[PDB]
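Below is one structure, written out as structure tokens; comments come after it.
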RNA sequence: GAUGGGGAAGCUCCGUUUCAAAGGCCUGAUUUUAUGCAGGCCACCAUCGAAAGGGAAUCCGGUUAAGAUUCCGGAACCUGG
RNA sequence: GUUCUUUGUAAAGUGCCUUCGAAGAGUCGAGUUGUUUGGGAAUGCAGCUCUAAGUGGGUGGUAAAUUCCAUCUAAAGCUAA
RNA sequence: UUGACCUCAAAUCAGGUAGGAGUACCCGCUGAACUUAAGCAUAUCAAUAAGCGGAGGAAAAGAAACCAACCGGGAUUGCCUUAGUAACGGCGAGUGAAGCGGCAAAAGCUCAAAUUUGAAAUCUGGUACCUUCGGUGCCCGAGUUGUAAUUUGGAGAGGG
Ligand SMILES: [Mg+2]
Ligand SMILES: [Mg+2]
Ligand SMILES: [Mg+2]
Ligand SMILES: [Mg+2]
Ligand SMILES: [Mg+2]
Ligand SMILES: [Mg+2]
Ligand SMILES: [Mg+2]
Ligand SMILES: [Mg+2]
Ligand SMILES: [Mg+2]
Ligand SMILES: [Mg+2]
Ligand SMILES: [Mg+2]
Ligand SMILES: [Mg+2]
Ligand SMILES: [Mg+2]
Ligand SMILES: [Mg+2]
Ligand SMILES: [Mg+2]
Ligand SMILES: [Mg+2]
Ligand SMILES: [Mg+2]
Ligand SMILES: [Mg+2]
Ligand SMILES: [Mg+2]
């Protein structure tokens, strides 16, 4: 009978229906537990005499953190374990290969009070 | 190169022959393994004589035709004369050859009569029942030289 | 190279930890044949070549 | 010291989770006390106890999954056999034992009889 | 000719092989007949259906058993059926070149049959 | 059936009907890719004679390979040797074209096993073959003891080692006096005939 | 420097838009509801390649044994929502 | 060895008489070129050209014609020690 | 207008499968030169070294388009022997197997080419159930451009 009207001398691949994966079995069937826990992002504070100066003076806490953690996780974890809001986070990689975090607490909180509450002063 | 009244020698040692040298240090060790293999093979087929009855047959090559020699299989025409099927015979211990023919009667009956003693000298255990004890011998060839 | 890649700085840390003399309590173990840290490196004589 | 495996297996998942979060707590405060005292070997038992709980937590989870996939093909790959690459690809004993009708009739009609050569 | 093609398809449609469903119930009846009538599987009447299958039909003309045969004009190895019209001519069996192996396939409850 | 007719007819390659088909078909195969899936065998008799069957797990690939000799892959023809080895243009490549077509198909579909191949058409520059490929992982082939033998790992890449119909022909293995050099393996026999055997008690 | 392709027994070679069926862009409907149908739109068609080429946005004062345009104080600006 | 199923109006084997008896093609083979072999008017392999038959075809280590004889049955495939 | 067929695509579609390592031995391709010839090109070193592709515990070969010329033997493989022989070779240097015989171990075989046509009798897959290296029922699909049964030349088939 009649033909389809083509207004373009270029032929393109037709759009076909794409299915959604419906696997017969799960990939691993046991989801991995949270790899980067709040107890794993921060492990131990730093007690160098220079670090203690920042705690008493600048209202700044110091922690050693896992190299896989970023500032979002560090800020999230500190306010979790210590129930204290965080002003800002500074991070650097120490020459020995570990990550050092400079956490500054809000003026409503005292770093020195938190520090000895943890157990070091 | 050529020095004295010495005969000509042909020593084929110009390739890297040292890389391909087999010294049979394992001659004694291999012999024991073969004997061990035979004993273990005998155990798994205990009643059976570890070998099949081979036909008697005349050698080719007029240098050798004066002598008689063991054959490979029993010439389906022969086993038919013995009164059994080739399928049955190979399940009993008679090797069967389908590509050698009979052209000398003296060989033919000797092989035919060879089968008839073997059929008399064996005890076939029933497929179902008591299966009498055998007291096996380890070579049918020695039974029928 | 003050401006360095993280991979080089990761090799940095291990080299710092490697450069350390033999622990003294190693001396006292039974059947101890180790005399000193033979794999010691110094920046003046041997370069890491990394 | 430390927690033993067998008595943990009698617990439930929520109790184990509470046990784990509690266990991680002291390891934190033991670590901060580690830098105070010259030495503290007590942390070793704490870390091992965490591993024991974590194995138990994982062990219970997999078994429940195994029951979930029990009695049906296409189980998750990590719950399958880890024999070798080759053996998994090899023919099973069923398919290897398959034989055509023509050969099966020959075997049934003409099996290797048991014979003896004495008389 | 399509008028002739329409008529012969009307003829052939009345002679169509039994489907999978009706075969299943058919043998059950014979099984029932075996159980009680003990008839030697001959309770069923003689079947009348179109013979299909390329190897099947070729042997039929060679035995001069096929009354009429049909050929698909669109067999994608043409050499499968090039010789066949000559073969029917030698045996005197009437033959017809018809359009559409798919049309034949529908006639025998299949996709392609290429011959009837 | 009609397989006898189709086989006999194929032997008349110079007949008018065959050459017309050969002329038309050879044009089509040039248009398509060098290697491409074939829906059904061009010669149904010839394929099934070589082992093909019309069921799942049987695959036919069409391949074209360039005809001619094998030029020596050497820069500017300078061989750097004695004049015996300076030949470049008239070299012959001991393996057949049919073989190297099988190897390339096998590489393309590594999950299948090469069984046989056959000539379908040719021209001045190319030769065309169809290859019989068997899927070992298919259940219909894992069963059916007539063909499950291919599933055994010993038959991986038969064409690469020369275990196909062509490979054994190319390897020159046959019974007879004319095949003394290649009867149980060209290199195997050579190592045998060049091995000095010494016993514990020198003979 | 892949891919589509074409060579090479082969390690790999050529080629980077080439004999390719080479895609997302936004608006609206549906508020069993998630997004397929409603449409329309467009034709490069991977990627890598500069710590001196292009490039969004910060300055001052003070502080350490050793850090700062990064830390403290003060005062700004850009991007996204 | 002990036991439960009876596979199964199933399957296989064996004599006589008669009619048949399907068996592998760009393959064998031939020419040329290269390589290789102890293979020598050419052992094998490969490229190009030609290319079949069915009481046919291959081999019988000197090429060819004529006349016989013997011996096997390719160009499809599996298989332990 | 509607529904098929054929061919060709797309899916992060449901399942799988291949890649790399080792490589002493094994199966092939490609492939030299030093050296010897008292020089040197054919030759020899060598159908080797290097390079490339491909498996297993062995691989490969394997049941004659064989060897034979005899009163014939009879799958393949390996040892002793044949034999430094027949033969090849600027017939120079050199190279060089095979039949028979003894022994070790021994194991045979299957597809296409036949119309079941009074019944595609065949098979993958999905689902449900079950005693799960799988089985049964049911449902799609593959397939007549041929999957089942029988036959493989030693035969064998249809008939009484
Ligand atoms: Mg930084
Ligand atoms: Mg070429
Ligand atoms: Mg490139
Ligand atoms: Mg870039
Ligand atoms: Mg820049
Ligand atoms: Mg510029
Ligand atoms: Mg500024
Ligand atoms: Mg400074
Ligand atoms: Mg500031
Ligand atoms: Mg070569
Ligand atoms: Mg030659
Ligand atoms: Mg060179
Ligand atoms: Mg010299
Ligand atoms: Mg000299
Ligand atoms: Mg010189
Ligand atoms: Mg090498
Ligand atoms: Mg093998
Ligand atoms: Mg083989
Ligand atoms: Mg040589």
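Cβ sites come from the backbone with ideal geometry, for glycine too, and all protein chains shown count toward neighbours. Rule-based calculations on the coordinates, nothing more; no lab input.
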Exactly one of A:95, A:23 is within 14 Å of chain C (Cβ to nearest Cβ), out of contact with any strand residue (DSSP E or B) (no Cβ under 7 Å at 6 or more places or on another chain) and more than 16 Å from ligand 12 (Cβ to nearest atom), and that one is A:95
Answer yes or no as to whether residue A:59 is more than 16 Å from RNA strand I (Cβ to nearest atom) and touching a strand residue (DSSP E or B) at 6+ places or on another chain (Cβ under 6 Å).
yes
So residue F:145 fits all but one of (1) out of contact with any strand residue (DSSP E or B) (no Cβ under 9 Å at 6 or more places or on another chain); (2) farther than 21 Å from residue D:87 by Cα; what number is the exception?
(2)
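Yes or no, residue by residue, for (1) within 14 Å of RNA strand H (Cβ to nearest atom); (2) farther than 30 Å from residue F:143 by Cα; (3) in contact with a helix residue (DSSP H, G or I) (Cβ under 6 Å, 6 or more places away or on another chain):
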position: F:59; (1), (2), (3): no, no, no
position: F:65; (1), (2), (3): yes, yes, yes
position: F:68; (1), (2), (3): yes, yes, no
position: F:73; (1), (2), (3): no, yes, no
position: F:76; (1), (2), (3): no, yes, no
position: F:79; (1), (2), (3): yes, yes, yes
position: F:83; (1), (2), (3): yes, yes, no
position: F:96; (1), (2), (3): yes, yes, yes
For residues that are in a helix (DSSP H, G or I) and without any contact (Cβ under 8 Å) to a residue 24 or more places away in the chain, tally how many sit in region B:99-135.
6
Just the residues that are within 16 Å of ligand 1 (Cβ to nearest atom), assigned to a loop (DSSP other than H, G, I, E, B) and crowded, with 18+ Cβ neighbours inside 10 Å, please, taken from region A:33-71.
A:69
The correct count of residues that are more than 9 Å from chain D (Cβ to nearest Cβ), more than 9 Å from RNA strand I (Cβ to nearest atom) and within 17 Å of the chain's Cα centre (by Cα) in region B:80-110 is 2
Condition first: within 30 Å of residue E:100 (Cα to Cα), part of a loop (DSSP other than H, G, I, E, B) and free of Cβ contacts under 8 Å to residues at least 40 places away in the same chain. Now tell me which residues in region E:8-45 satisfy that.
E:14, E:15, E:18
Within region F:65-102, track down each residue that is part of a loop (DSSP other than H, G, I, E, B), within 15 Å of residue F:126 (Cα to Cα) and near ligand 2 (Cβ under 9 Å from one of its atoms).
F:67, F:68, F:69, F:70
Within region F:118-141, residues touching a strand residue (DSSP E or B) at 6+ places or on another chain (Cβ under 7 Å) and either within 16 Å of ligand 12 (Cβ to nearest atom) or within 14 Å of chain D (Cβ to nearest Cβ) (or both) come out as F:135, F:136, F:141
Within region F:71-88, can you find the residues that are within 7 Å of RNA strand I (Cβ to nearest atom) and within 30 Å of the chain's Cα centre (by Cα)?
F:72, F:85
Looking at (1) within 30 Å of residue F:202 (Cα to Cα); (2) in a loop (DSSP other than H, G, I, E, B); (3) more than 14 Å from every other protein chain (Cβ to nearest Cβ), can you tell me which one residue B:12 breaks?
(3)
Subset tally (residues that are surrounded by fewer than 16 Cβ atoms within 10 Å (Cβ to Cβ), more than 14 Å from every other protein chain (Cβ to nearest Cβ) and more than 15 Å from RNA strand G (Cβ to nearest atom)) for region F:51-76:
4
Give A:78, A:30 a once-over and let me know the one that is surrounded by 14 or more Cβ atoms within 10 Å (Cβ to Cβ) and part of a loop (DSSP other than H, G, I, E, B).
A:30
Regarding residue B:30, is this residue out of contact with any strand residue (DSSP E or B) (no Cβ under 6 Å at 6 or more places or on another chain) and either farther than 21 Å from residue B:145 by Cα or in a helix (DSSP H, G or I) (or both)?
yes
